[PDB]
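For reference, the structure is listed below as structure tokens.
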Amino acid sequence: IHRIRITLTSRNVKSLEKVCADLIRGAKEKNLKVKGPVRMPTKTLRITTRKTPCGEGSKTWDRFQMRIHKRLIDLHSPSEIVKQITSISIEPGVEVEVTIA
Amino acid sequence: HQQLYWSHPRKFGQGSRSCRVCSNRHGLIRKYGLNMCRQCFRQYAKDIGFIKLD
Amino acid sequence: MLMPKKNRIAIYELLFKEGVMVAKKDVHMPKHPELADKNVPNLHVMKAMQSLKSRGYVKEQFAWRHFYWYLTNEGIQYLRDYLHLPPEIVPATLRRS
Amino acid sequence: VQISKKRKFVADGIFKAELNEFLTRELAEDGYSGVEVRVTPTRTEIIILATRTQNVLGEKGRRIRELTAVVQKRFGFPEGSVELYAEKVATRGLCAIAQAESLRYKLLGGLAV
Amino acid sequence: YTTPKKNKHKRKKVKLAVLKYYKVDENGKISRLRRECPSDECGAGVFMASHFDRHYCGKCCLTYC
RNA sequence: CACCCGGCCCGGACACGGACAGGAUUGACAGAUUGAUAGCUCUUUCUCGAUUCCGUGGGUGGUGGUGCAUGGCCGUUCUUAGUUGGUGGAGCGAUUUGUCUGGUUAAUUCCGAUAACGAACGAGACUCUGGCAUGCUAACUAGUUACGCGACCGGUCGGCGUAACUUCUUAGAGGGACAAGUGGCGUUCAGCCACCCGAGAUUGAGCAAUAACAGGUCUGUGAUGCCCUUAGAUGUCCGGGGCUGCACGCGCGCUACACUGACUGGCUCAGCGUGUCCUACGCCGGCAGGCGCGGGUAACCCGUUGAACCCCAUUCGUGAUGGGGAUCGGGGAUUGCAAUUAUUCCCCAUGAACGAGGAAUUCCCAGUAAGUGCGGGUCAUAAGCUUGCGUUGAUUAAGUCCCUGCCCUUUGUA
Ligand SMILES: [Zn+2]
Ligand SMILES: [Zn+2]
């Protein structure tokens, strides 16, 4: 029951905000002590490569960005309740990692 | 024989590495463990998750 | 090519047991990872599957750098006759419905 | 030991891309439109969207559990953690890939362009 | 090319080679003409060679003077 | 790694014939041989067991040829405002009108004319990024304020532990700017210039049509048609050497020619972003580095990223000089199997041209030019390159079609 934390990590913002909000309101209605979403610095993966395969042109470059948005929600609740509240909330395009102490 | 076929060491160097797609060993993107040719990455960038913003 | 019978039967019995085969397209690879302890080079697996394909017993496909092989009804027939098993036994691809 | 979030999200990207490339070269003839992969620590499901599913399943669902045995043998996740599902495409007309594949296989039929 | 031609080594064809290994007498004395290889796996299964000035085993590559 | 010299290997599927357990074939100790401990080959025998080996058909390989056979991306025409059907009108017709006299716009952008009326793509809209919120939701992987305890003189603390919070920090939602308000000018129309209130009254990008280059790439590909070779190979591998070879001519660049500057010491500030290889701390060495023991798969550790120009002292003194550091001699370390034609790195010594560059010619309008460092990509070793990020921070212009080109409209053309 002690200090389970839940790390929600995704590339989409909307889906991550929706699922995390659902976990929070799902926990709040049960009268459980919850520490709110801790938004960490957004990880931006940059790749800059030549457009051309051959290498004859005006030396143009692509700029490929990949965004990683990470949220932490913390609970002071029993593991039995934590298991089912973590079980019910599934979404394609979010990764959830639960840790205790 | 057995001790001269693939005898030369390839722990390091450009010859040791190769593209995961086309097995080419030139203009290779080995950042974030992509391990892929620059031509092949540009083809597979979209469905990997890499997007062009600015 | 010239390879010992042990390697040949090991490749054939794996192919018959599972019903499919995967190779990594590299002639220098020391041992096939699924056939570890048996001491079967990847080269042997590729050429064995090539030899069985050329006749027309196994269907091959090629993705990025991997060979893929599916055992057909002619292959099932050929293997049962070559490996000498009773018709009762069928591959894992032909067990369920 | 576990890999970084950055490498993990990249790895999932390559998994998606390579799986797609394999599925295209396999099920091009049966108008493979697209794939959807949902991952659960219990078992990860792969959902194939194709024009004619009756064909991609095979004789009494034989070919589907060849494709299952392939991805299991190759990628190295444990057996009983994947079930390749084949769902019907809602409308085959509004899929560029399906229409492109159809045009290719009717051109291979020896018809005028 | 400067060299005339490089020819592959062809194995000299010998007829019924295992008859030189044994010398059976009329009453039955089965004497081994070539010496036995004293290594583990070879023991009783491999008859070590007898060259002009040395012994040699083709399997384990064991040599004696 | 294609190229040059020399040497192993089949990784020549499948089929037909011959061979063939009375053994098709495989591998090899020793000595010779070879650059090689390569059974490659020669002498000499051993060793494996229908997996092969010889002939024909037929394959399979290629960084082999052809980009003027091709596909895909990509560059350019072409960064400007261009582009096309339907039905109606005008010509026998190619074709034209719509798509425009005139205003107006960055814009075929709008207003308004109107044999055209309805449309479609491009432009705009759009998406990402900068600039504002003492309002909102939150936070021992971010901080402040207060209080307690401590160290040193009410003060300094990035010395430690609790309580109010979110100003600073991260980042979701939502607000905010629209020529909206005022005054001129504008067929009082589209709109233009100035000014108040404001964080802002033009931020920087990404995406980009129709129609074409005989543009580049077969040396990105298991994208590919023909052709060339295919077992003394253009396959593949192993040893070397070459890609760097220098009487000369061009093209991007870096360091300079000094005193607004070098040198020596002191002081004090970043941002982007990367680490299964990034590194703190302790010890030994002048230094490159050597050992030992820790943290970090990362707002957690490196790290409060104590960066450089710059700032403040010292020495130098117009001298090819303590400017400049090329070229050359010795040593001492780190990669790596291997460093010579010196891979990088450190120390002492050597001390060339160069005194601001002829004809000519490039780039650029504000956080811009330029100076100045730092991170990413290459990366075992690794930046004089490019791709990003901050830092200090200007002069001149708000115009023109003179040069070089571009768009529309008239004409002229052999
Ligand atoms: Zn590639
Ligand atoms: Zn022996």
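Ordered as shown in the structure tokens, chains take letters A, B, and onward, while each chain numbers its residues from 1 and ligands are numbered from 1 in the order shown.
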
Grab me every residue within 6 Å of ligand 2, counting only C-alpha atoms (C1' of nucleotides) and all ligand atoms, and send it over as a ChimeraX atom specification.
-> /E:37,39,42,57,59-60

Output for the residues just chosen: N, CA and C atoms as a tab-separated table (two decimals), in the first residue's frame:
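selection-v2.tsv written:
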```tsv
chain	number	residue	atom	x	y	z
E	37	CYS	N	45.91	-46.15	-32.41
E	37	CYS	CA	45.97	-44.75	-31.90
E	37	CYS	C	45.62	-44.75	-30.42
E	39	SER	N	44.81	-42.44	-28.24
E	39	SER	CA	43.85	-41.39	-27.78
E	39	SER	C	42.49	-42.03	-27.45
E	42	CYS	N	39.49	-42.55	-30.50
E	42	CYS	CA	40.14	-43.40	-31.54
E	42	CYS	C	40.28	-44.86	-31.08
E	57	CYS	N	47.96	-40.06	-37.05
E	57	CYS	CA	46.50	-40.33	-36.98
E	57	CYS	C	45.74	-39.24	-37.74
E	59	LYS	N	42.52	-38.45	-37.80
E	59	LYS	CA	41.37	-37.86	-37.07
E	59	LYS	C	41.86	-36.82	-36.05
E	60	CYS	N	42.69	-37.25	-35.09
E	60	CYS	CA	43.11	-36.45	-33.90
E	60	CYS	C	44.42	-35.68	-34.16
```

10 Å contacts from chain A to chain D using only C-alpha atoms, as JSON, numbers by chain = {"A": [9, 10, 11, 43, 44, 45, 66, 67, 68, 70, 90, 91, 92, 93, 94, 95, 96]}

Name the residues, by chain letter and number, that sit within 8 Å of ligand 1 using only C-alpha atoms (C1' of nucleotides) and all ligand atoms, and give them as an MDAnalysis selection string.
-> (chainID B and resid 19:24 28 36:41) or (chainID F and resid 220:221)

Could the residues in this selection be saved with C-alpha atoms (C1' of nucleotides) as a PDB file, in the first residue's frame?
```pdb
ATOM      1  CA  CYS B  19      22.323  -1.068 -42.434  1.00  0.00           C
ATOM      2  CA  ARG B  20      19.538  -3.208 -40.791  1.00  0.00           C
ATOM      3  CA  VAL B  21      17.452  -2.917 -44.068  1.00  0.00           C
ATOM      4  CA  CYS B  22      19.635  -3.062 -47.262  1.00  0.00           C
ATOM      5  CA  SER B  23      22.997  -4.253 -45.682  1.00  0.00           C
ATOM      6  CA  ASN B  24      24.871  -1.170 -47.131  1.00  0.00           C
ATOM      7  CA  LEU B  28      24.762   4.989 -41.801  1.00  0.00           C
ATOM      8  CA  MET B  36      20.117   2.182 -40.683  1.00  0.00           C
ATOM      9  CA  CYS B  37      21.324   3.822 -43.987  1.00  0.00           C
ATOM     10  CA  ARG B  38      20.323   7.533 -44.489  1.00  0.00           C
ATOM     11  CA  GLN B  39      18.397   6.629 -47.740  1.00  0.00           C
ATOM     12  CA  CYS B  40      16.451   3.812 -45.914  1.00  0.00           C
ATOM     13  CA  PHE B  41      15.688   6.062 -42.850  1.00  0.00           C
TER      14      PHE B  41
ATOM     15  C1'   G F 220      21.362   2.954 -50.946  1.00  0.00           C
ATOM     16  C1'   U F 221      18.316  -1.342 -51.744  1.00  0.00           C
TER      17        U F 221
END
```

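DSSP secondary structure from the backbone places residues 38, 39, 40, 41, 42, 43, 44, 45, 46, 47 and 48 of chain B of chain B in alpha helix (DSSP H).
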
Output N, CA and C atoms of each residue in that selection to a file, as a PDB file, in the first residue's frame.
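Dumped everything to result_20.pdb:
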```pdb
ATOM      1  N   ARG B  38      21.018   6.217 -44.423  1.00  0.00           N
ATOM      2  CA  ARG B  38      20.323   7.533 -44.489  1.00  0.00           C
ATOM      3  C   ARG B  38      19.198   7.486 -45.532  1.00  0.00           C
ATOM      4  N   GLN B  39      19.415   6.809 -46.667  1.00  0.00           N
ATOM      5  CA  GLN B  39      18.397   6.629 -47.740  1.00  0.00           C
ATOM      6  C   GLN B  39      17.207   5.835 -47.189  1.00  0.00           C
ATOM      7  N   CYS B  40      17.476   4.733 -46.479  1.00  0.00           N
ATOM      8  CA  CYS B  40      16.451   3.812 -45.914  1.00  0.00           C
ATOM      9  C   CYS B  40      15.661   4.507 -44.800  1.00  0.00           C
ATOM     10  N   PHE B  41      16.327   5.303 -43.957  1.00  0.00           N
ATOM     11  CA  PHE B  41      15.688   6.062 -42.850  1.00  0.00           C
ATOM     12  C   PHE B  41      14.653   7.038 -43.420  1.00  0.00           C
ATOM     13  N   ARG B  42      15.029   7.804 -44.451  1.00  0.00           N
ATOM     14  CA  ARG B  42      14.144   8.777 -45.155  1.00  0.00           C
ATOM     15  C   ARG B  42      12.887   8.073 -45.682  1.00  0.00           C
ATOM     16  N   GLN B  43      13.006   6.805 -46.092  1.00  0.00           N
ATOM     17  CA  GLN B  43      11.881   5.971 -46.595  1.00  0.00           C
ATOM     18  C   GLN B  43      10.994   5.511 -45.428  1.00  0.00           C
ATOM     19  N   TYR B  44      11.590   5.142 -44.286  1.00  0.00           N
ATOM     20  CA  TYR B  44      10.894   4.510 -43.129  1.00  0.00           C
ATOM     21  C   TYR B  44      10.700   5.500 -41.969  1.00  0.00           C
ATOM     22  N   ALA B  45      11.040   6.782 -42.149  1.00  0.00           N
ATOM     23  CA  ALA B  45      10.935   7.839 -41.109  1.00  0.00           C
ATOM     24  C   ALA B  45       9.479   7.985 -40.645  1.00  0.00           C
ATOM     25  N   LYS B  46       8.533   7.979 -41.591  1.00  0.00           N
ATOM     26  CA  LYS B  46       7.092   8.283 -41.370  1.00  0.00           C
ATOM     27  C   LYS B  46       6.470   7.242 -40.428  1.00  0.00           C
ATOM     28  N   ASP B  47       6.634   5.952 -40.744  1.00  0.00           N
ATOM     29  CA  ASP B  47       5.974   4.812 -40.043  1.00  0.00           C
ATOM     30  C   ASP B  47       6.771   4.391 -38.796  1.00  0.00           C
ATOM     31  N   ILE B  48       8.006   4.880 -38.620  1.00  0.00           N
ATOM     32  CA  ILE B  48       8.788   4.722 -37.352  1.00  0.00           C
ATOM     33  C   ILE B  48       8.144   5.612 -36.281  1.00  0.00           C
TER      34      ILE B  48
END
```

Could you please tell me, as a VMD selection string, which residues of chain B have an atom within 7 Å of chain A when using only C-alpha atoms?
-> chain B and resid 38 to 39 49 to 54

So that I have them on file, write out the residues from the current selection with C-alpha atoms, as a short mmCIF file (atom, residue, chain, number, x, y, z; two decimals), in the first residue's frame.
```cif
data_model
loop_
_atom_site.label_atom_id
_atom_site.label_comp_id
_atom_site.auth_asym_id
_atom_site.auth_seq_id
_atom_site.Cartn_x
_atom_site.Cartn_y
_atom_site.Cartn_z
CA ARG B 38 20.32 7.53 -44.49
CA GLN B 39 18.40 6.63 -47.74
CA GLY B 49 7.30 7.88 -35.68
CA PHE B 50 9.78 10.64 -36.78
CA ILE B 51 7.68 13.64 -38.07
CA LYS B 52 8.80 16.79 -40.04
CA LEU B 53 7.63 19.91 -38.05
CA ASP B 54 10.15 22.79 -38.69
#
```

Kindly provide, as a PyMOL selection string, the residues of chain C having any atom no farther than 12 Å from an atom of chain D, counting only C-alpha atoms.
-> chain C and resi 14-15+17-24+32-35+59-73+91-97

Any chance you can output those residues with N, CA and C atoms as an mmCIF file, in the first residue's frame?
```
data_model
loop_
_atom_site.group_PDB
_atom_site.id
_atom_site.type_symbol
_atom_site.label_atom_id
_atom_site.label_comp_id
_atom_site.auth_asym_id
_atom_site.auth_seq_id
_atom_site.Cartn_x
_atom_site.Cartn_y
_atom_site.Cartn_z
ATOM 1 N N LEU C 14 13.531 -29.963 -37.053
ATOM 2 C CA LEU C 14 13.088 -28.610 -36.604
ATOM 3 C C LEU C 14 12.011 -28.088 -37.564
ATOM 4 N N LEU C 15 12.287 -28.123 -38.874
ATOM 5 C CA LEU C 15 11.358 -27.670 -39.946
ATOM 6 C C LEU C 15 10.029 -28.426 -39.826
ATOM 7 N N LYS C 17 8.875 -30.156 -37.069
ATOM 8 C CA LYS C 17 8.302 -29.919 -35.711
ATOM 9 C C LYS C 17 7.508 -28.606 -35.696
ATOM 10 N N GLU C 18 8.099 -27.513 -36.194
ATOM 11 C CA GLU C 18 7.506 -26.145 -36.153
ATOM 12 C C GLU C 18 6.596 -25.923 -37.370
ATOM 13 N N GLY C 19 7.101 -26.194 -38.578
ATOM 14 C CA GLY C 19 6.383 -25.995 -39.855
ATOM 15 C C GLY C 19 6.892 -24.792 -40.636
ATOM 16 N N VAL C 20 7.741 -23.959 -40.018
ATOM 17 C CA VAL C 20 8.370 -22.754 -40.641
ATOM 18 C C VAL C 20 9.871 -22.745 -40.318
ATOM 19 N N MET C 21 10.640 -21.883 -40.995
ATOM 20 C CA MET C 21 12.090 -21.670 -40.723
ATOM 21 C C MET C 21 12.475 -20.220 -41.047
ATOM 22 N N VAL C 22 13.349 -19.630 -40.222
ATOM 23 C CA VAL C 22 13.872 -18.237 -40.355
ATOM 24 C C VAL C 22 15.407 -18.280 -40.318
ATOM 25 N N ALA C 23 16.066 -17.629 -41.286
ATOM 26 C CA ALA C 23 17.533 -17.397 -41.326
ATOM 27 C C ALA C 23 17.803 -15.893 -41.462
ATOM 28 N N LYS C 24 19.036 -15.463 -41.175
ATOM 29 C CA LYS C 24 19.419 -14.033 -41.007
ATOM 30 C C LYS C 24 20.222 -13.523 -42.216
ATOM 31 N N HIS C 32 23.409 -21.122 -35.763
ATOM 32 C CA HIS C 32 21.969 -20.741 -35.739
ATOM 33 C C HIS C 32 21.509 -20.696 -34.283
ATOM 34 N N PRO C 33 20.862 -19.603 -33.813
ATOM 35 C CA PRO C 33 20.626 -19.405 -32.379
ATOM 36 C C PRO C 33 19.635 -20.416 -31.777
ATOM 37 N N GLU C 34 18.653 -20.854 -32.575
ATOM 38 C CA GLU C 34 17.641 -21.881 -32.206
ATOM 39 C C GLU C 34 18.304 -23.263 -32.103
ATOM 40 N N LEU C 35 19.274 -23.561 -32.978
ATOM 41 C CA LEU C 35 20.028 -24.847 -33.013
ATOM 42 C C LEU C 35 21.393 -24.658 -32.335
ATOM 43 N N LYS C 59 7.940 -22.819 -49.425
ATOM 44 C CA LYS C 59 7.699 -21.449 -49.963
ATOM 45 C C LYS C 59 8.528 -20.444 -49.159
ATOM 46 N N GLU C 60 9.419 -19.698 -49.825
ATOM 47 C CA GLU C 60 10.312 -18.693 -49.183
ATOM 48 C C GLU C 60 9.746 -17.282 -49.393
ATOM 49 N N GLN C 61 9.974 -16.401 -48.413
ATOM 50 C CA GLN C 61 9.813 -14.926 -48.520
ATOM 51 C C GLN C 61 11.040 -14.261 -47.888
ATOM 52 N N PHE C 62 11.389 -13.058 -48.355
ATOM 53 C CA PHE C 62 12.535 -12.249 -47.867
ATOM 54 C C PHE C 62 12.022 -10.873 -47.428
ATOM 55 N N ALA C 63 12.139 -10.572 -46.129
ATOM 56 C CA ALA C 63 11.966 -9.223 -45.537
ATOM 57 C C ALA C 63 13.334 -8.528 -45.525
ATOM 58 N N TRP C 64 13.510 -7.497 -44.690
ATOM 59 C CA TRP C 64 14.704 -6.606 -44.665
ATOM 60 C C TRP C 64 15.995 -7.408 -44.881
ATOM 61 N N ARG C 65 16.412 -8.219 -43.902
ATOM 62 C CA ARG C 65 17.654 -9.041 -43.976
ATOM 63 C C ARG C 65 17.398 -10.503 -43.576
ATOM 64 N N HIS C 66 16.141 -10.932 -43.421
ATOM 65 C CA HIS C 66 15.778 -12.282 -42.909
ATOM 66 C C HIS C 66 15.112 -13.103 -44.019
ATOM 67 N N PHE C 67 15.524 -14.368 -44.171
ATOM 68 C CA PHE C 67 14.811 -15.414 -44.951
ATOM 69 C C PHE C 67 13.676 -15.984 -44.095
ATOM 70 N N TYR C 68 12.527 -16.261 -44.721
ATOM 71 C CA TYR C 68 11.340 -16.924 -44.119
ATOM 72 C C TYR C 68 10.923 -18.083 -45.026
ATOM 73 N N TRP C 69 10.562 -19.228 -44.437
ATOM 74 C CA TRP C 69 10.263 -20.496 -45.156
ATOM 75 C C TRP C 69 9.020 -21.162 -44.551
ATOM 76 N N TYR C 70 8.039 -21.522 -45.392
ATOM 77 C CA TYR C 70 6.796 -22.254 -45.018
ATOM 78 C C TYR C 70 6.797 -23.643 -45.664
ATOM 79 N N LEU C 71 6.622 -24.691 -44.851
ATOM 80 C CA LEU C 71 6.562 -26.109 -45.298
ATOM 81 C C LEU C 71 5.182 -26.382 -45.911
ATOM 82 N N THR C 72 5.145 -26.903 -47.144
ATOM 83 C CA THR C 72 3.908 -27.215 -47.916
ATOM 84 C C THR C 72 3.516 -28.684 -47.696
ATOM 85 N N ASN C 73 2.407 -29.113 -48.310
ATOM 86 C CA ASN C 73 1.857 -30.496 -48.228
ATOM 87 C C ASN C 73 2.841 -31.493 -48.857
ATOM 88 N N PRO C 91 2.759 -31.342 -38.301
ATOM 89 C CA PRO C 91 3.428 -30.147 -37.777
ATOM 90 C C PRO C 91 2.550 -29.262 -36.874
ATOM 91 N N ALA C 92 3.192 -28.378 -36.098
ATOM 92 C CA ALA C 92 2.556 -27.403 -35.176
ATOM 93 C C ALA C 92 1.672 -26.417 -35.952
ATOM 94 N N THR C 93 1.983 -26.181 -37.233
ATOM 95 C CA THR C 93 1.161 -25.384 -38.187
ATOM 96 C C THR C 93 -0.079 -26.171 -38.645
ATOM 97 N N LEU C 94 -0.149 -27.484 -38.381
ATOM 98 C CA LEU C 94 -1.257 -28.384 -38.812
ATOM 99 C C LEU C 94 -1.814 -29.175 -37.615
ATOM 100 N N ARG C 95 -1.630 -28.685 -36.381
ATOM 101 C CA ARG C 95 -2.148 -29.331 -35.140
ATOM 102 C C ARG C 95 -3.559 -28.809 -34.834
ATOM 103 N N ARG C 96 -3.716 -27.484 -34.729
ATOM 104 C CA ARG C 96 -4.972 -26.803 -34.298
ATOM 105 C C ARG C 96 -5.936 -26.646 -35.486
ATOM 106 N N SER C 97 -7.138 -26.120 -35.216
ATOM 107 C CA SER C 97 -8.213 -25.819 -36.200
ATOM 108 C C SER C 97 -8.771 -24.413 -35.947
#
```

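The shell of residues at most 6 Å from residue 21 (chain E), with only C-alpha atoms (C1' of nucleotides) counted and near chain neighbours (fewer than 3 positions) removed, consists of residues 18, 32, 33 and 34 of chain E.
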
Could you pull out all residues of chain B with a DSSP call of strand (DSSP E or B) and give them as a PyMOL selection string?
-> chain B and resi 28-29+36-37+51-52

Considering only C-alpha atoms (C1' of nucleotides), state which residue in the set E:45, E:4, E:38, E:58 is at the smallest distance from chain F.
-> E:58

Sorted by chain and rising residue number, which residues of chain E lie within 8 Å of chain F, and what are their closest atom pairs and distances in Å to one decimal, counting only C-alpha atoms (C1' of nucleotides), as a Markdown table?
```
| residue | atom | partner | partner_atom | distance |
| --- | --- | --- | --- | --- |
| E:5 | CA | F:232 | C1' | 6.2 |
| E:6 | CA | F:232 | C1' | 6.5 |
| E:9 | CA | F:41 | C1' | 7.2 |
| E:15 | CA | F:22 | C1' | 7.7 |
| E:16 | CA | F:22 | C1' | 6.3 |
| E:48 | CA | F:46 | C1' | 6.7 |
| E:49 | CA | F:46 | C1' | 4.9 |
| E:50 | CA | F:45 | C1' | 7.0 |
| E:51 | CA | F:45 | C1' | 5.7 |
| E:52 | CA | F:44 | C1' | 7.2 |
| E:54 | CA | F:30 | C1' | 7.7 |
| E:56 | CA | F:29 | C1' | 5.7 |
| E:57 | CA | F:46 | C1' | 5.9 |
| E:58 | CA | F:47 | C1' | 4.2 |
| E:59 | CA | F:47 | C1' | 5.4 |
| E:61 | CA | F:29 | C1' | 5.4 |
| E:62 | CA | F:29 | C1' | 6.5 |
| E:63 | CA | F:29 | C1' | 5.8 |
```

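Every protein, DNA or RNA residue with an atom at most 9 Å from region 81-83 of chain F, where only C-alpha atoms (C1' of nucleotides) count and chain neighbours fewer than 4 positions away do not, is listed here: residues 107, 108, 121, 122, 123, 209, 210 and 407 of chain F.
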
Please provide the set of residues having any atom within 10 Å of region 81-84 of chain A, restricted to only C-alpha atoms (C1' of nucleotides), with same-chain residues fewer than 3 positions apart removed, written as a PyMOL selection string.
-> chain A and resi 1+4-6+27+30+32+75-78+87-89+98

Between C1' of residue 212 (chain F) and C1' of residue 70 (chain F), distance in Å (one decimal) = 18.4 Å

Pick out the residues sitting within 9 Å of residue 35 (chain A), and hand them over as a PDB file with N, CA, C and O atoms (P, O5', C5', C4', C3', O3' and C1' of nucleotides), in the first residue's frame; count only C-alpha atoms (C1' of nucleotides), and ignore anything fewer than 3 positions along from it in its own chain.
```
ATOM      1  N   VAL A  38       3.171  15.188 -12.546  1.00  0.00           N
ATOM      2  CA  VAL A  38       4.502  15.868 -12.572  1.00  0.00           C
ATOM      3  C   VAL A  38       5.027  15.801 -14.012  1.00  0.00           C
ATOM      4  O   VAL A  38       5.538  14.734 -14.413  1.00  0.00           O
ATOM      5  N   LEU A  72       4.188  11.740 -14.378  1.00  0.00           N
ATOM      6  CA  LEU A  72       4.228  10.930 -13.130  1.00  0.00           C
ATOM      7  C   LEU A  72       2.993  11.260 -12.288  1.00  0.00           C
ATOM      8  O   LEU A  72       2.790  12.460 -11.993  1.00  0.00           O
ATOM      9  N   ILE A  73       2.210  10.237 -11.926  1.00  0.00           N
ATOM     10  CA  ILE A  73       1.097  10.325 -10.932  1.00  0.00           C
ATOM     11  C   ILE A  73       1.441   9.382  -9.770  1.00  0.00           C
ATOM     12  O   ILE A  73       1.843   8.225 -10.045  1.00  0.00           O
ATOM     13  N   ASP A  74       1.333   9.878  -8.530  1.00  0.00           N
ATOM     14  CA  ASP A  74       1.756   9.162  -7.293  1.00  0.00           C
ATOM     15  C   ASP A  74       0.523   8.899  -6.421  1.00  0.00           C
ATOM     16  O   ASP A  74      -0.305   9.824  -6.283  1.00  0.00           O
ATOM     17  N   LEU A  75       0.424   7.692  -5.851  1.00  0.00           N
ATOM     18  CA  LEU A  75      -0.729   7.223  -5.031  1.00  0.00           C
ATOM     19  C   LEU A  75      -0.231   6.697  -3.677  1.00  0.00           C
ATOM     20  O   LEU A  75       0.823   6.024  -3.654  1.00  0.00           O
ATOM     21  N   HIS A  76      -0.970   7.001  -2.603  1.00  0.00           N
ATOM     22  CA  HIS A  76      -0.831   6.391  -1.251  1.00  0.00           C
ATOM     23  C   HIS A  76      -2.054   5.498  -1.005  1.00  0.00           C
ATOM     24  O   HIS A  76      -2.970   5.922  -0.269  1.00  0.00           O
TER      25      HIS A  76
ATOM     26  P     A F 138      -4.974  21.385  -8.204  1.00  0.00           P
ATOM     27  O5'   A F 138      -3.909  20.204  -8.317  1.00  0.00           O
ATOM     28  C5'   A F 138      -2.588  20.303  -7.752  1.00  0.00           C
ATOM     29  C4'   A F 138      -1.575  19.826  -8.760  1.00  0.00           C
ATOM     30  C3'   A F 138      -0.129  19.774  -8.288  1.00  0.00           C
ATOM     31  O3'   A F 138       0.101  18.577  -7.551  1.00  0.00           O
ATOM     32  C1'   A F 138      -0.249  20.711 -10.469  1.00  0.00           C
ATOM     33  P     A F 139       0.543  18.630  -6.011  1.00  0.00           P
ATOM     34  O5'   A F 139       2.131  18.522  -6.091  1.00  0.00           O
ATOM     35  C5'   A F 139       2.773  17.264  -6.376  1.00  0.00           C
ATOM     36  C4'   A F 139       4.107  17.480  -7.050  1.00  0.00           C
ATOM     37  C3'   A F 139       5.173  18.181  -6.218  1.00  0.00           C
ATOM     38  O3'   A F 139       5.802  17.265  -5.327  1.00  0.00           O
ATOM     39  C1'   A F 139       5.162  19.040  -8.436  1.00  0.00           C
TER      40        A F 139
END
```

So which residues touch residue 337 (chain F) within 12 Å, counting only C-alpha atoms (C1' of nucleotides), skipping near sequence neighbours fewer than 3 positions away, as JSON, numbers by chain?
-> {"B": [7, 8, 9, 10, 11, 12]}

Limited to N, CA and C atoms, could you put the picked residues into a file as a PDB file, in the first residue's frame?
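Written output follows (result-v4.pdb):
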```pdb
ATOM      1  N   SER B   7      38.711 -14.660 -41.165  1.00  0.00           N
ATOM      2  CA  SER B   7      39.797 -14.646 -40.148  1.00  0.00           C
ATOM      3  C   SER B   7      40.042 -13.229 -39.619  1.00  0.00           C
ATOM      4  N   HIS B   8      39.853 -12.207 -40.461  1.00  0.00           N
ATOM      5  CA  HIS B   8      40.171 -10.785 -40.158  1.00  0.00           C
ATOM      6  C   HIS B   8      39.215 -10.253 -39.089  1.00  0.00           C
ATOM      7  N   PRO B   9      39.714  -9.581 -38.021  1.00  0.00           N
ATOM      8  CA  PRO B   9      38.851  -9.102 -36.936  1.00  0.00           C
ATOM      9  C   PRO B   9      37.987  -7.897 -37.343  1.00  0.00           C
ATOM     10  N   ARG B  10      36.740  -7.851 -36.855  1.00  0.00           N
ATOM     11  CA  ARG B  10      35.736  -6.794 -37.161  1.00  0.00           C
ATOM     12  C   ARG B  10      34.940  -6.451 -35.893  1.00  0.00           C
ATOM     13  N   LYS B  11      35.636  -6.139 -34.794  1.00  0.00           N
ATOM     14  CA  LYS B  11      35.023  -5.653 -33.526  1.00  0.00           C
ATOM     15  C   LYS B  11      34.638  -4.177 -33.699  1.00  0.00           C
ATOM     16  N   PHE B  12      35.494  -3.401 -34.377  1.00  0.00           N
ATOM     17  CA  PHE B  12      35.339  -1.948 -34.659  1.00  0.00           C
ATOM     18  C   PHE B  12      35.428  -1.716 -36.174  1.00  0.00           C
TER      19      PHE B  12
END
```

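For chain F, the residues close to chain D, meaning within 9 Å and counting only C-alpha atoms (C1' of nucleotides), are residues 276, 297 and 298 of chain F.
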
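Between chain C and the candidates F:120, F:171, F:237, F:153, the tightest atom-to-atom separation, counting only C-alpha atoms (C1' of nucleotides), involves F:237.
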
Using only C-alpha atoms (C1' of nucleotides), which residues of chain F come within 10 Å of chain B, and what is the closest atom pair for each, with the distance in Å to one decimal? Give it as CSV, sorted by chain and residue number.
```
residue,atom,partner,partner_atom,distance
F:8,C1',B:1,CA,7.0
F:9,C1',B:1,CA,7.6
F:38,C1',B:1,CA,6.8
F:39,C1',B:1,CA,9.8
F:40,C1',B:1,CA,9.7
F:73,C1',B:43,CA,8.4
F:127,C1',B:53,CA,7.4
F:128,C1',B:53,CA,5.0
F:129,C1',B:54,CA,7.6
F:204,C1',B:54,CA,9.7
F:205,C1',B:54,CA,5.4
F:206,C1',B:54,CA,4.5
F:207,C1',B:53,CA,9.2
F:220,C1',B:39,CA,5.7
F:221,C1',B:22,CA,5.0
F:222,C1',B:22,CA,8.0
F:236,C1',B:5,CA,9.6
F:237,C1',B:5,CA,5.5
F:238,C1',B:4,CA,6.1
F:274,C1',B:31,CA,9.6
F:336,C1',B:12,CA,9.2
F:337,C1',B:9,CA,7.7
F:376,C1',B:31,CA,9.7
F:377,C1',B:31,CA,8.6
F:378,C1',B:27,CA,8.8
F:379,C1',B:13,CA,9.7
F:380,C1',B:12,CA,5.6
```
